[PDB]
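# Close look at the chain arrangement
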Amino acid sequence: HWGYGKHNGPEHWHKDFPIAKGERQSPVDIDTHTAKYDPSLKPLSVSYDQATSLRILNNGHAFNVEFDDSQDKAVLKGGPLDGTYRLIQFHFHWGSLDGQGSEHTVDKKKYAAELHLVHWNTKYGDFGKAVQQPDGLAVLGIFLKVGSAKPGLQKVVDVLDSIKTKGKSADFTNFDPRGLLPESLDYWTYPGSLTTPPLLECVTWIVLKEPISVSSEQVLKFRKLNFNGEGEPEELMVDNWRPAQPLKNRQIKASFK
Ligand SMILES: NS(=O)(=O)c1ccc(O)c(NC(=O)NCCc2ccccn2)c1
Ligand SMILES: [Zn+2]
């Protein structure tokens, strides 16, 4: 099964998922100088006031905080998007060291981690149908750098001991994802893919310019999770990031100058 180890990591994924060598794969390096400012890009609309988190799950490749997406409770609109996209889950990718961990890079710079808030286009009715469409998902990507703590992340950090191993889930209600957002919603955007198998080319990527800062203790607790299931040999869940993929025939647009 695919993973991030020596024999099943990202360079192996194309054998099971040939779209890995596709024309709109993610993540990518964001060359800030080559990104073009687009004045027709609208500001992003993040409407998270009514979000209903339900639980948190270790799926063996990251942990997902899952939301009730059966109504327009937490939605993303505006920006490059047409229509309304509902938040279904968020998760992170992170490194074994503070110097790596993000999937997107900015002028080749790697951040300590990257948060992905995953949304699906309501015109397709549910997530499973949306991922089959070229405009099915909008993923809001937010970089994490190590510095001061992010208070809004602590409730996530504190529950991770209850989902250490693959397959464990925990009730995780009343979590407000607004506590994970930076001050500015300036963004880059490009058409891309899921960054884990099945690598489907269904994502409008919206990557925020401004990182959030989290503490060293906060990211250290991510690194205590396990890829393995309980009662299997312990392999720390670290470096669960795919490296940058060829931009090919794509242009990254910026909402700011
Ligand atoms: N890392 S990412 O590009 O934000 C992202 C977002 C939503 C996703 O469903 C995935 N991929 C993922 O979760 N793979 C395991 C479950 C899955 C997801 C989609 C279709 C089939 N199976 C990646
Ligand atoms: Zn992701």
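Residues numbered from 1 in each chain as written, not as in the entry; some residues may be left out. Chains lettered and ligands numbered in written order. Heavy atoms only, no water.

Stated formally: UniProt positions are given in the numbering used here, feature names are shortened, and annotations may be inferred rather than shown by experiment.
In the nomenclature of the PDB entry, the protein chain is known as Carbonic anhydrase 2 of Homo sapiens. Recorded in the entry header as its title is "Carbonic Anhydrase II complexed with ureic benzene sulfonamide MB10-586B". The UniProt entry for the protein chain carries the following comment under Sequence similarities: "Belongs to the alpha-carbonic anhydrase family."

### Focus on the overall build of the protein chain
Here is the rule we go by: In this description a helix means any DSSP run of H or I spanning at least four residues, a strand means any run of E spanning at least two, and both kinds are numbered starting from the N terminus. For the radius of gyration, the atom set is restricted to C-alpha positions; the globular benchmark scales as 2.2 Å times the number of residues to the power 0.38. Working definition: with a 1.4 Å probe on protein chains only, accessible area under 20% of the residue-type maximum means buried, over 50% means exposed, and in between means partly exposed.
Across its full length, the protein chain carries four helices and 15 strands. Computed over C-alpha atoms, the radius of gyration of the protein chain comes to 17 Å, within 12% of the 18 Å expected from 2.2 N^0.38 for 257 residues, which places it in the range of a compact globule. Taken along its principal axes, the extent of the C-alpha atoms in the protein chain is 50 × 40 × 40 Å. Each of the 257 residues in the protein chain was classed as buried or not, and the buried ones make up 54%.

### Examining the site of ligand 1
Which entries qualify depends on this criterion: It suffices for a single heavy atom of a residue to lie within 4 Å of a molecule or strand for the residue to be listed as near it. Two N or O atoms form a polar contact when they lie within 3.5 Å of each other; inside protein one atom must be a possible hydrogen donor and the other a possible acceptor, and for residues adjacent in sequence the pair counts only when both atoms belong to side chains. The Shrake-Rupley method, run with a 1.4 Å probe, gives the accessible areas here. Residue values count only the displayed protein chains as cover. As defined here, a cavity is a set of points on a 1 Å grid over the protein atoms alone where a 1.4 Å probe fits but cannot get out. A pocket is an open set with protein on both sides within 12 Å along at least five of seven lines, and residues line them when an atom is within 4 Å of a point. Molecules are considered to sit inside a cavity or pocket once more than half of their atoms lie within 2 Å of its grid points. Think of it as three bins: nonpolar holds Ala, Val, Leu, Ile, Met, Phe, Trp, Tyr, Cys and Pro, charged holds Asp, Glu, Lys and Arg, and polar takes everything else, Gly as well.
The full set close to ligand 1 counts 15 residues, and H91, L194, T195, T196 and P197 are the nearest of them. In the model, a nitrogen atom of ligand 1 is placed 3.3 Å from a nitrogen or oxygen of the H93 side chain. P197 places a main-chain nitrogen or oxygen 2.9 Å from a nitrogen atom of ligand 1. Here ligand 1, which alone exposes 500 Å², has 77% of that area covered by the protein. Comparing atom positions with the cavity grids shows ligand 1 to sit within the second largest pocket. Broken down by secondary-structure element, the contributors of at least two residues to the shell around ligand 1 are β7 (85-94) and β9 (113-121). The dominant element in the shell around ligand 1, judged by the number of residues it contributes, is β7, at three residues. Here the residues of the shell around ligand 1 are counted per class, giving seven nonpolar, eight polar and no charged.

### Thoughts on the nonpolar core
We count it as follows: By nonpolar core is meant a set of buried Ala, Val, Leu, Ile, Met, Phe, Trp, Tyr and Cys residues that side-chain atoms within 4.5 Å join together. Residues count as neighbours in contact if any of their non-hydrogen atoms are within 4.5 Å of one another.
Counting residues in hydrophobic clusters, the biggest one holds 50 residues, and the most contacted among them are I56, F63, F90, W94 and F222. Only β5 (63-67), β7, β9, β10 (137-146), α3 (154-159), β13 (203-208), β14 (212-214) and α4 (216-222) provide two or more residues apiece to this core. Not counting residues up to four positions away in its chain, the partners in contact with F222 are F63, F92, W94, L144, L153, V157, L160 and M237. Formed by 23 residues, the second largest nonpolar core is a distinct cluster that contains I88, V131, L137 and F256.

### Some remarks on the coordination of the zinc ion (ligand 2)
Applied cut-off: With water omitted from the atoms examined, metal sites may look incomplete; donors here are N, O and S atoms no farther than 2.8 Å from the metal, or 3.2 Å in the case of Na, K and Ca. Between 85 and 135 degrees for all angles marks four donors as tetrahedral; over 155 degrees for opposite donors together with 65 to 115 for all other angles marks four donors as square planar and six as octahedral; every other arrangement is irregular.
Those protein atoms acting as donors to the zinc ion (ligand 2) are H91 (NE2), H93 (NE2) and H116 (ND1), and they sit at 2.0 Å. Every donor counted, the four donor atoms about the zinc ion (ligand 2) form angles of 99 to 119° at the centre, which fits tetrahedral coordination. On the primary sequence, the residues serving as donors to the zinc ion (ligand 2) are separated as H-x1-H-x22-H. Here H93 is found in strand β7, whereas its partner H116 is found in strand β9, with 23 residues between them in sequence. With a relative accessible area of 1%, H93 lands in the buried category.

### Some thoughts on the UniProt feature "active site" in the protein chain
Listed under "active site" in the UniProt record, and renumbered for this structure, are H61. Secondary-structure assignment places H61 in the loop between β4 (53-58) and β5. The contact partners of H61, leaving out residues within four places of it in the chain, are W2, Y4, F227, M237 and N240.

### Quick look at the layout of surface pockets
Operational definition: Grid points are joined across faces, edges and corners, and a volume is the space filled by probe spheres set on the points.
Taken as a whole, the largest pocket holds about 410 Å³ of empty space. For the largest pocket, the lining is made up of 18 residues, of which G3, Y4, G5, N8 and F227 are closest to its centre. A breakdown of the residues in the lining of the largest pocket according to their chemical character gives five nonpolar, nine polar and four charged. In this structure, the second largest pocket spans a volume of roughly 330 Å³. Considering the residues around the second largest pocket, the lining is formed by 22 residues, among which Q89, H91, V118, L194 and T196 are closest to the centre.

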